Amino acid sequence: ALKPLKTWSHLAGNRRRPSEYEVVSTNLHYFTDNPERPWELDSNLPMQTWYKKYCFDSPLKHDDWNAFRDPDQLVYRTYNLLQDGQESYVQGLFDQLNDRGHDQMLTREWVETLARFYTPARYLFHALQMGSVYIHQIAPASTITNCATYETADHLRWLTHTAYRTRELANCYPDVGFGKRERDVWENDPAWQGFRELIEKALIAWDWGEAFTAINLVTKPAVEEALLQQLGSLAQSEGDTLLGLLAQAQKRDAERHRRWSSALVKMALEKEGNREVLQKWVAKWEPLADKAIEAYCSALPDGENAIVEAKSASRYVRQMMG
């Protein structure tokens, strides 16, 4: 008879006793058990073909993607603990700054900058939410999928902050069109057309490794540097302490996403040929990210400097990954 083990059979012989993270996160996708027929149905269905083409046939290769480990080791339980603390902070800021009358003290000129450069970000953050939830469903290992799960939740969190503040702004300045105008700004304003082109194209990159590169390695650092870093700094200097703080709070999530993205690239570099595969995708997407930063930041106050700093900070993210 088979004797009881101390841990799951797939973790037996790990020396050190498995963490909660390993116990609940590892080796959970079963579609990868049978690469010739991922799903338990006829092998020629559109979804079987989708997964063979975009998961199994990706040029980004590893023989054991299940070995991947999130450096933050997030699980659902620890995600909600962490983010309930961070939301107590943000929701306190919202509550106490409204108290306060913070929005009433912003200048007319800044209020107009918010309508153009801040509130339309509900589209861009939702497009990131969609981007990362696509990575979720096509990644080849449950531990890679879970990083994308919690990142998706974060992008929804950013959308939600932006939705809330947009209402608070509309209440304070009902003549500006906060809440009503953002779609037309996102669709028609030159400042947003670099980003919108970038994210619309990135959203149809179906190969899991390309999706990861386009969204996490290229688009996100450009979005985060333009919209959190440069706009947040500008907010602070313009008297908008709420947005200055909000953007820094959101950047903590962005730093987390970069940490797992960096761990994954690290793992990919264990195999010959992967760096070149990643550098080629970076070289395809990088020029659209430039266009994005250029169009958005050039339109801000002290625009040219914003462009230069957004560009090197985002390139630096990839540089530090090799």
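Residues carry their position along the shown sequence, with the first being 1.
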Point to revise | 120 to 128 set against 97 to 105, stretch whose average Cα temperature factor tops the other in the entry | key: 97 to 105
Review point. As stated in the PDB record, which stretch has the larger average Cα B-factor, 232 to 240 or 191 to 199?
Key: 232 to 240
Practice item. Going by the recorded CA B-factors, say which third of the chain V90 sits in, lowest, middle or highest. Key: middle
Check your understanding: Is the Cα B-factor recorded for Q73 in the lowest, middle or highest third of its chain?
Key -> middle
**Study point:** Third of the chain, ranked by Cα B-factor, where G273 sits
**Key:** highest
Point to revise | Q83, C-alpha B-factor rank within chain (lowest, middle or highest third) | key: middle
Review point. Looking at the C-alpha B-factor of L217, is it in the lowest, middle or highest third of its chain?
Key: middle
